[PDB]
Amino acid sequence: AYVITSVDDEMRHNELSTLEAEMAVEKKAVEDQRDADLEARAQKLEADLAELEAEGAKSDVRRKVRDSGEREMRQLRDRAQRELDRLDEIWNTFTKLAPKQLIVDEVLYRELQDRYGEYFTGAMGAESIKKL
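Residues numbered from 1 in each chain as written, not as in the entry; some residues may be left out. Part of a larger assembly, values for the part shown. Heavy atoms only, no water. Residues with missing side-chain atoms left out of burial classes, pairs and counts.

Caption draft 1: Seen up close, the pattern of salt bridges. For the structure shown, the criterion picks out nine salt bridges. Between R115 and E26 there is a salt bridge whose closest N-O contact spans 3.1 Å. Here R115 is found in the loop between α4 (106–114) and β3 (120–123), whereas its partner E26 is found in helix α2 (residues 16–54), with 89 residues between them in sequence. Here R115 falls in the partly exposed class, since its relative accessible area comes to 23%. Because the salt bridges share partners, they merge into one network encompassing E26, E111 and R115. (Salt bridge = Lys/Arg side-chain N within 4 Å of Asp/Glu carboxyl O. Helix = DSSP H or I, 4+ residues; strand = E, 2+ residues; numbered from the N terminus. Buried < 20%, exposed > 50% of the residue type's maximum accessible area, 1.4 Å probe, protein only.)

Put into structure tokens, the structure is as follows:
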């Protein structure tokens, strides 16, 4: 696991307003997609169940198609929610970033590296302990 060896408090504070803005906009951009994908899928559902209404319809057949559509929609929302939870995790970890903290998640650390990598430093192994 990685460890936070150093953090720049001034730089984090001075530019905090801007990061918080860019963060919410990205989080909102994901939210717009979620709702946009769900409505298109629900319109597809209503269209498909309508074909079955025009065609021959069985109360049990339509239900499994219905049940199948609700399942796909639940998959779409759950995946979008995971993306949001990860995004909130990135921001929370960054604001509360402090030396001696532990970042066990590989993807999270390098996400903190690409964006915000200039505000802090981290390492692994005895090299990191020597720094602390």
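Caption draft 2: Representation of the side chain of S128 in the model. For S128, the location among the structural elements is in helix α5 (residues 125–131). Under the relative-accessibility criterion, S128 is labelled buried at 3%. Looking at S128, its side chain comes within polar contact range of the main-chain oxygen of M124, at 3.3 Å. (Polar contact = N/O pair within 3.5 Å; in protein donor to acceptor, adjacent residues only side chain to side chain.)

Caption draft 3: Representation of the nonpolar core within the structure. Within the largest apolar cluster, 19 residues are counted, with the highest numbers of intra-cluster contacts made by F94, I103, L112, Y116 and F120. Contributions of two or more residues to this core are made by β1 (2–7), α2, α3 (59–95) and α4. For this core, the element with the most residues is α3, which contributes five residues. (Core = buried A, V, L, I, M, F, W, Y, C linked by side-chain atoms within 4.5 Å.)

Caption draft 4: Just the sheet that holds strand β2 (residues 102–103), in detail. The three strands are arranged β2-β1-β3 in an open sheet whose pairing can be described as antiparallel. Two strands in the sheet have a free side with no partner beyond their single neighbour: β2 and β3. Across the sheet, α4 lies against β1, β2 and β3, angled at about 145° from β3, the strand it touches most. (Pairing = 2+ DSSP bridges. Contact = heavy atoms within 4.5 Å. Axes fitted to C-alpha atoms, helices over the stretch in contact; angles between N-to-C directions.)

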